[PDB]
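Residue numbers (this note's numbering), protein chains in the order written: chain A, 7 to 327; chain B, 13 to 329; chain C, 783 to 1109; chain D, 41 to 367.
Where is the CB? At the ideal position from N, CA and C, for every residue including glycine.
Notes follow once the structure below has been shown.
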Amino acid sequence: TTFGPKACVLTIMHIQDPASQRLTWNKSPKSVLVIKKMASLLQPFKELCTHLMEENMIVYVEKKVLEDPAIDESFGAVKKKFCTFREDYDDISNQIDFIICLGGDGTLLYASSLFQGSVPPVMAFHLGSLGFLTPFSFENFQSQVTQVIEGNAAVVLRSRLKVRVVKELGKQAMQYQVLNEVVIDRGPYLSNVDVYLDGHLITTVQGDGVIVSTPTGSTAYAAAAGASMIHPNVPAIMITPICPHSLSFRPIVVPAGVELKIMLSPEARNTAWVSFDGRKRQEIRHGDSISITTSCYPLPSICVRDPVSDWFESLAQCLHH
Amino acid sequence: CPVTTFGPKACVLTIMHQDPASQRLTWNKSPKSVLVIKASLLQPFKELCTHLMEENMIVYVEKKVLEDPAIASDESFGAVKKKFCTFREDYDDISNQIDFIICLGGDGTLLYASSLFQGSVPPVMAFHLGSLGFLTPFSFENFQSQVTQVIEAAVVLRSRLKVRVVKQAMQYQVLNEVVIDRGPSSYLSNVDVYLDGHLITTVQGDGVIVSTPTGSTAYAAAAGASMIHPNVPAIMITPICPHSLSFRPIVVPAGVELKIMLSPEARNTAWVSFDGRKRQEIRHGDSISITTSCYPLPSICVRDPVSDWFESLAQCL
Amino acid sequence: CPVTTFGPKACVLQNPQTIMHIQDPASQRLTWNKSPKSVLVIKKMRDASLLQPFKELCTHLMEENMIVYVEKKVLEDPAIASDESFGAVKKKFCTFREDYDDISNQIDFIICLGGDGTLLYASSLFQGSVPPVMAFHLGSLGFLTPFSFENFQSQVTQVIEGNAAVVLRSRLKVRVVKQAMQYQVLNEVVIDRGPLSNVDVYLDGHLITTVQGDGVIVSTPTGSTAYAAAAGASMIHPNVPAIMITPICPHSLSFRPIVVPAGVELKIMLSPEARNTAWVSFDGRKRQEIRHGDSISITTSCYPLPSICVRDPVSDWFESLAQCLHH
Amino acid sequence: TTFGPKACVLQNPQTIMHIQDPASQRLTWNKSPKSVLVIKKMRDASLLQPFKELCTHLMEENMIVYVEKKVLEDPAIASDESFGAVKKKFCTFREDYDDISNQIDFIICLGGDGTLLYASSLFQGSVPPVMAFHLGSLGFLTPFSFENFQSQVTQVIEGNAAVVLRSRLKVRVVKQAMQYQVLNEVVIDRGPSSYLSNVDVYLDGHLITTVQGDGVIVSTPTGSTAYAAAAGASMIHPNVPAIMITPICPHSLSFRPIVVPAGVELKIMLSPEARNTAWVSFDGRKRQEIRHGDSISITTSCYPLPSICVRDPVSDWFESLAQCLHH
């Protein structure tokens, strides 16, 4: 904090080291929500659920998972002991102690959509490929699940973005938590979307649109639009234009504490559309604003080895293929 | 600052202790020595140095600056020219003699300041005359009052990389980047990149750039990297014209240790550069270790860390 | 002239059915079999800077005893409607309705005021043979507007009375079979996803890939400075015979833009596994859904757009490129 | 062709060009081939058995087989006692010392990558027909599978095989005038200079831009899958007549890759204000310094490389593209 022989820097933040973080259970978990990728995961699902119940724990699954014809007379005993919820009708946000994901892709996106406030710890398993969000192998799953419950497992606090859509009626405000990104794209050539950073007009996006992503979302849609692969321990917000009219408009990475305000330019002839992790697509009209900030509710991803090692392994596998 | 509770039963159990957007400069003692680093700049150089001396301060400059016939022929500036405290770039170490640095003109003035201060760096106040750039936020108009205001200020702590080359061990502090390229070799490079001891990949292409957020607007930008705000703690790995098009630029946490060396199967040698200078050959068995330096470059703001960068981007776009 | 002998013993047989007879793309000139009488004037919409040049050019063309056509909506604009001086001229225009009237065989040559969509709007009106297009720039040079409005009278006269140079800007013929519909595009045909696309791309009957990404742009060398430019394509001189296939934000980063010969036939359709529908658009217009079983067949049109040159096809593009890289 | 109701383009004999259809070209032997040059990919053990098999067959078919001296020096070839009889019957040449340009009737390449580059460097005039085999992956320049090679080699010798005439660039370096033929590209880079390059690019005498970056790649459609691919260029079918100009890590992000007509003349030289020197490479070989006053003139060569086809120019490339996008 000393700069040369006479100067120094004089507000102080208290953050735990992202590389040293571990999970703690104030009380032993009892309710577990199981999420599986929407056929190879049928036997692992059946095996996991039987184990969790034999370990005296209430298992939650979406109603549609048990409706699948593949889900068996032998599994009937377990099938009857499940706690089911309906995705579009039921709120299980405050009922779940722990989350287990079977398979990759949108399992963690789906977990994030169910938990729009505090997110319970997430243990993600891979069956097919390693991916970036599923570090655990299903081999010796019983001992690993036990070590996560009984021990102090390492975690990556995968940041999320808080997205507030204010629409003129009074006014109506809608809040969304995105794990990967928030896309603002043109309606059916040139969008006219104004991007403000901490109150400063940064630019008017003219092109297909803009992706505002988290380091977790750096391997998602933004990757395809020219963004960098960002380790989930890097505190930042990424702004990636989609097919910009100005080729000089390169992807941008800003500090996690900035506030983004996105709205249609007053001169905008056409409307724009906003999407939250590819879901809940809705129109942005004149007078409507989208405010993006880093959420105070990150997704706690449990680790196999540690935050750095797990991502490096996923990167090494990514660059081997 | 995230909520540390995860659902109804879990939470997180090493604790680190300043907001990068709220940082300001403090003088334990008033500055007495200023280092000035700089044809369009000749009159503002004379103007500034006459002002700094009139404000009772020892002004340091490199010997070659005063050797210039534009400075040497000026008889009026002969009184000031004699009062400067000179140093020789390659022979003299002024690292612990300078209290504050002033840069005239853009480009490699900050790179040059970084090379002179391989330990703690005094605060840098950079002026632009031509274009705004990304590292020169101050306008030379009303400089007298601006400098008075800086002495009697907001700052960005621009991180640097600590580079260790073992072939004999050599240490270098780089402000922008360290480039490892194939040099005169036609054949694609065979550079092994290790992150915290883990072999990530073998770079096959023109090479790899390992940069700081400050260096993101430099060479890495041209190689497909993102523009990273200097308040983001991170190290960047950008391949140069990679053979695999899927090999995207990478941004890693500031606390990782990078190890770069030739692949055992490498038929040709690689070359390492430090902020474009001190180019040298990398042979088999030689290693380049890269970590974030504990000595960042303190760049003084015209407005604030966020606003300054946004305007440099507004001018860029 | 390439040497047709390959080493001491081999060569390529120079057969009459293999030798093509193409007019030099760099040496082409315009000829009037009869003097033009009708002119179509197209001006960039909602640009106030073009109002005075429009009125000036229209007054001149009529004073040169010629029927000046404009779309009805152009004269409806309050900027034109409020001007009392332009009344005499305003009454002498032949107006047509964009969506109702076919002026394809009534127009002798076209004049464009400003860049952007002016030329693609001309292409949409002429789905068969296209009359000569003389495009003017007011703001920046651009790539499709070579003429300066300074001394326009003499230039318009030189184009009518002389043998002006031309670039035959190729177009694509697009057949949509859902019922068959035919479209001519100057720049591109975009096949994009609805709110991961699963669009199959066939080249001369061969399935090349399934596009998982935002979609695909199939463009002409003229379209290379348009939408495809923003999606990572190259700038292609309009005298280069080719079809461009540019993916939009592909899932596979290794999927680079592709340039194929002008004589290939592209067939685009939804992959059998496509859960969502795709959308096809023609120079950003006439957007329509693509369902399972529907096909889009793309070939080079036999009706290219004749763009009049200030100097020549090569010189004009080089000048536009030099100005493009100066900015 | 007509353009609207009254205009057309004058079809003049001095304007009409007589170009061979690139899709219809086939190989003809004026005399049966006797001397074959065999080129195999360096540091690849998988090609050793195919090499031995091929060279035993060619000699059994009473033909003189040429190989570079270093190929037979390899311990894998040198130790094999069974291959000794064939090893003694080869005509060896020394790469940089011997000129075999007028001794070879036919070229066979084993494996991809630099094999065709190496063939091109040996034949700076007329190039004998090239039959390229793939063992590992299909690639873009090796269409033949080594399975049933005997019958394929015979069909190429006894028949009228289809051919792609892969254009080359003629490069004249005046620094003393030297001439070079490149199959893929000519690179002009900043070399060891920390400072951004200052390379002036002229197209048909017109100064287009000053490249300030790592440098510029001037490539052929064949070279589009080589170095230029890595620098942001498009994949161009080898039947597209064109020259490609791709900047390497340009200082201006707006500087996109460019595709120009095959008949343009490029002149590259240092900007008068250039503080540092540039370096010119020819297919990654013969690297040399470019000082003030030195010029590089690039045009399409009159000696293209005749690549023999498995099926045809279009089909072969589409298959290579389909395999490229499958991986």
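- About 4 angstroms separates the Cβ atoms of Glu970 of chain C and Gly1005 of chain C, confirming a contact at the 8 angstroms cut-off.
- Note on the region 41 to 85 of chain B: whole alpha helix (DSSP H) runs with a minimum of 4 residues are 54 to 66, 75 to 79, 81 to 84, in chain order.
- Cβ neighbours of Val46 of chain B within its own chain (closer than 8 angstroms, five residues either side excluded): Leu64, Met69, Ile70, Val71, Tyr72, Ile110, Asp111, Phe112, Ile113, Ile114.
- For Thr194 of chain D, the enclosing alpha helix (DSSP H) has its first and last residue at 189 to 198.
- According to the DSSP secondary-structure assignment, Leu345 of chain D is paired through a beta bridge with D:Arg206.
- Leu1035 of chain C and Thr265 of chain D have their C-alpha atoms some 15 angstroms from each other.
- For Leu1035 of chain C, the residues of chain B that pass the 8 angstroms Cβ criterion are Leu257, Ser258, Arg260, in the order they occur in the chain.
- In the three-state reduction of the DSSP assignment, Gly165 of chain D falls in the coil class.
- For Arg325 of chain D, the chain B residues whose Cβ falls inside 9 angstroms of its Cβ are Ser198, in order along the chain.
- Beta-bridge pairing by DSSP links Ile298 of chain D to C:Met1017, D:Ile285.
- When the five nearest sequence neighbours on each side are left out, the beta carbons in the same chain lying within less than 7 angstroms of the beta carbon of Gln150 of chain A are those of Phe142, in order along the chain.
- DSSP, read as helix, strand or coil, puts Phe146 of chain B in coil.
- Look at the beta carbons and you see the region 341 to 355 of chain D touching the region 208 to 222 of chain D: at least three pairs across the two are nearer than 8 angstroms.
- For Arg28 of chain A, the neighbours in chain B by C-beta distance under 8 angstroms run, in chain order, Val24, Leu25.
- Around the CB of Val949 of chain C, 16 or more other CB atoms lie within 10 Å, so the residue is classed as buried.
- If you ignore the 5 residues before and after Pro194 of chain A, its C-beta comes within less than 8 angstroms of no other C-beta in its own chain.
- Counting along the chain, the unbroken alpha helix (DSSP H) around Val1096 of chain C starts and ends at 1095 to 1106.
- Classified as buried, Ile999 of chain C has 16 or more neighbouring CB atoms from the shown chains inside 10 Å of its CB.
- Secondary-structure assignment with DSSP links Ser1063 of chain C through a beta bridge to C:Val972.
- Taking a C-beta distance under 8 angstroms as the contact criterion, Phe934 of chain C and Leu839 of chain C qualify as a contact pair.
- Per the DSSP secondary-structure output, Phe918 of chain C pairs in a beta bridge with C:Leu895, C:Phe929.
- Cβ contact annotation for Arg1057 of chain C (same chain, cutoff 8 angstroms, sequence separation greater than five): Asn980, in chain order.
- Counting C-beta atoms within 10 angstroms of its own C-beta, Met309 of chain D has 16 or more neighbours from the protein chains shown and is therefore classed as buried.
- As DSSP reads the structure, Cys876 of chain C sits in a beta bridge with C:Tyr851.
- Contact between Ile973 of chain C and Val1062 of chain C holds, with the beta-carbon distance rounding to 5 angstroms and staying under 8 angstroms.
- In this model, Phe131 of chain A and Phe180 of chain D are separated by some 40 angstroms (Cα to Cα).
- For the 8 angstroms CB-CB criterion, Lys80 of chain D and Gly154 of chain D do not form a contact.
- Two segments are said to touch when three or more pairs of C-beta atoms, one from each, lie closer than 8 angstroms; by this definition the region 95 to 103 of chain B touches the region 74 to 87 of chain B.
- With a threshold of 16 other beta carbon atoms within 10 Å, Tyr235 of chain D falls short and is exposed.
- Residue state for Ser264 of chain D is assigned as helix, using DSSP reduced to three classes.
- Just measuring C-alpha positions, the residue of C:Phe908, C:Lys872, C:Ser817, C:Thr800 sitting nearest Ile942 of chain C is C:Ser817.
- Within chain D, the residues whose beta carbon sits less than 9 angstroms from that of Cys783 of chain C are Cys342, listed in sequence order.
- Judged by pairs of C-beta atoms under 8 angstroms, the region 869 to 878 of chain C does not touch the region 785 to 802 of chain C, as fewer than three such pairs exist.
- Annotation for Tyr242 of chain D: the continuous beta strand (DSSP E) segment containing it runs 239 to 243.
- Between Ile208 of chain A and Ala125 of chain B, the C-beta spacing is not below 8 angstroms.
- Listed in chain order, the positions of the region 1087 to 1104 of chain C with a beta carbon within less than 7 angstroms of a beta carbon of chain D are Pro1088, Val1096, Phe1100, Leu1103, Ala1104.
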